[PDB]
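Residue numbers (this note's numbering): 6 to 429. Where is the CB? At the ideal position from N, CA and C, for every residue including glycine. Structure first, commentary second.
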Ligand code: NA
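Pasting the structure below:
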């Protein structure tokens, strides 16, 4: 039958809790110096910390280099004549000498280095070790991160000025922080899936400091790459993981990420049509093609349970002859696949949140989460189930969601959301 098949996607309370646990078991594993390397969930330190030394989350140093003119931007969070909250901004544009612009990468950066060093020096932000963003502009008439390190390294001096920051997620957090200074958890659930939170300084064994809180990039997409979920995968997810250009790698992702979501639905569908349950057992040369069933569709489906029109057209234009039932079948497939994808997500985000409650022992944790991504932004059902399944695993925690700003990504969304919050 069918109800039996899709049933394999179920994931009851217990099931989640286990995942939620096995995640935390991994977060510490990656956070622990003795194993931070061989770990599965990298849990990389971002240094977008906030400690008694003065370092604030909003603090940030962007670097836009494009053409013969590269300019830097400084951002540091303050208190104000009242103890409110402020965000000063400082711009400075350096020009690359001719004998340098037409030189070598080594030479080019040697310059950018000096300039930065100077710039920080002039603003007393030397050795502060702050987040470094990268933007690119292109003049029009009427890897860097590494090269920079080498240069900074060449200088022979203290290598404590900047620290790379390119993860789009971190910026999601930082971005939301400016709007809601209660945001301590960033998350990007779209083509792929990833998150970060504000860990306690005394937990990041890589960092020297111990007092205060610092954001941490989990890169949990790799979760389960060490069998941590082996007993939760299905035949479909397998066909996927075992057909991707990165077999065995990033499994947790290949479960939430709308990069394969559509594909799973296809397999799950192709599965049924094989055991004579769908389309009178006979798929189109189209439906029988990898990627042919785009995520884009799944969202169009769940977005409206009012009629089959949409389901009809997708399938119809897929080279099939849908039936009043055929549709309901497909619907059920999508909903099952998406919901599983949400629940698995709820698990982890929860572990992060729970673990964060345990930290600051207190009544109720009023925390905010910054989210961005195609899945979390174009899959109504997904979002709805995802919010609940989460709140229903985080006892005594007030979780408020806030999407990321409109029109921007990494070092960009940041520098912007801030240049704006500064104009005030
Ligand atoms: Na995005």
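Enclosing beta strand (DSSP E) for residue 429 [first to last residue]: Mapped onto the chain shown, residue 429 falls at position 424. According to the DSSP assignment, residue 429 belongs to no beta strand (DSSP E), since it is labelled neither H nor E.
Distance between residue 333 and residue 311 (C-alpha atoms, nearest Å): Taking the first residue of the chain shown as position 1, residue 311 is located at position 306. Taking the first residue of the chain shown as position 1, residue 333 is located at position 328. Going by the C-alpha atoms only, they are around 12 Å apart.
Residue 193 CB to nearest heavy atom of the ligand NA below 7 Å: The residue given as residue 193 occupies position 188 in the chain shown. The answer is yes for residue 193.
Between the CA atoms of residue 133 and residue 167 - distance to the nearest angstrom: Against the chain shown, residue 167 aligns to sequence position 162. Against the chain shown, residue 133 aligns to sequence position 128. Computed Cα separation, rounded: 8 Å.
First through last residue of the beta strand (DSSP E) which encompasses residue 100: The sequence position of residue 100 within the chain shown is 95, counting from 1. Per DSSP, the unbroken beta strand (DSSP E) holding residue 100 starts and ends at 91-100.
Paired residues, beta bridge with residue 74 - DSSP: Residue mapping note: residue 74 aligns to position 69 of the chain shown, counting from 1. According to DSSP, which records beta bridges pairwise, residue 74 is partnered with 71 and 100.
Cα-Cα separation, residue 61 to residue 208: Residue mapping note: residue 61 aligns to position 56 of the chain shown, counting from 1. Residue mapping note: residue 208 aligns to position 203 of the chain shown, counting from 1. If you take the alpha carbons of residue 61 and residue 208, they lie about 18 Å apart.
Integer Cβ distance of residue 379 from residue 196, believed to fall under 8 Å: Residue numbering aside, residue 379 sits at position 374 when the chain shown is read from its first letter. Residue numbering aside, residue 196 sits at position 191 when the chain shown is read from its first letter. Contact flag correct, Cβ pair sits at about 6 Å.
DSSP state of residue 79 mapped onto helix, strand, coil: Translated into the one-based positions of the chain shown, residue 79 becomes position 74. Strand, per DSSP.
Contact check, residue 307 vs residue 343, beta carbons under 8 Å: In the chain shown, counting from the first residue as 1, residue 307 sits at position 302. In the chain shown, counting from the first residue as 1, residue 343 sits at position 338. For residue 307 and residue 343, yes; Cβs fall inside 8 Å.
Segment limits, alpha helix (DSSP H) that includes residue 222: The count along the chain shown starts at 1 and reaches residue 222 at position 217. Looking at the DSSP string, residue 222 is not in any alpha helix (DSSP H); the run it does join, the beta strand (DSSP E), is 218-222.
Of the listed residues 368, 229 and 292, nearest to residue 44 (C-alpha basis): In the chain shown, residue 44 corresponds to position 39, counting from 1. It is 229 whose Cα lies nearest to the Cα of residue 44.
Own chain, CB closer than 6 Å to residue 390, minus 5 neighbours either side, in chain order: The residue labelled residue 390 in the question sits at position 385 within the chain shown. Contacts found: 344 and 347.
Neighbourhood of residue 174 by C-beta distance below 7 Å, restricted to the same chain and skipping five residues each side: Here the question's residue 174 lines up with position 169 in the chain shown. Once the five neighbours on either side are set aside, the close Cβ partners of residue 174 are 191, 192, 193, 199, 200, 201 and 222.
The region 44-54 / the region 362-374 touching (three or more Cβ pairs under 8 Å): Short answer: they don't touch.
Three-way DSSP call (helix, strand, coil) for residue 55 in this model: In the chain shown, counting from the first residue as 1, residue 55 sits at position 50. DSSP places residue 55 within a strand segment (E or B) once states are collapsed to three.
The region 150-170 in contact with the region 352-371 per 3-pair CB rule at 8 Å: no
Cα-Cα separation between residue 291 and residue 279, rounded to whole angstroms: Indexing the chain shown from 1 puts residue 291 at position 286. Indexing the chain shown from 1 puts residue 279 at position 274. Answer to the nearest angstrom: the Cα atoms are 15 Å apart.
Among 8, 182 and 19, the one whose alpha carbon lies nearest that of residue 55: To locate residue 55, count along the chain shown from 1; it is residue 50. Ranking the options by Cα distance to residue 55, first place goes to 182.
Cβ-Cβ distance between residue 383 and residue 328 below 8 Å: In the chain shown, residue 383 corresponds to position 378, counting from 1. In the chain shown, residue 328 corresponds to position 323, counting from 1. No, these two residues do not count as a Cβ contact at 8 Å.
For residue 116, the first and last residue of its enclosing alpha helix (DSSP H): Within the chain shown, residue 116 is the residue found at index 111, counting from 1. Note, residue 116: alpha helix (DSSP H), 110-127.
Burial state of residue 335 (16 or more Cβ within 10 Å): Here residue 335 refers to the residue found at position 330 of the chain shown. It is buried - the Cβ of residue 335 has at least 16 other Cβ atoms within 10 Å.
Whether residue 94 touches residue 80 by CB criterion (8 Å): Along the chain shown, read from residue 1 onward, the residue named residue 94 stands at position 89. Along the chain shown, read from residue 1 onward, the residue named residue 80 stands at position 75. Cβ atoms of residue 94 and residue 80: closer than 8 Å.
8 Å contact criterion, which residue 409 and residue 417 should meet: CB distance rounded: Against the chain shown, residue 409 aligns to sequence position 404. Against the chain shown, residue 417 aligns to sequence position 412. Not quite, the Cβ-Cβ distance comes to about 11 Å (not below 8 Å), so this is no contact.
Closer than 7 Å: residue 378 CB and nearest the ligand NA heavy atom: By 1-based counting over the chain shown, the position of residue 378 is 373. Checking the Cβ of residue 378 against the ligand NA gives yes.
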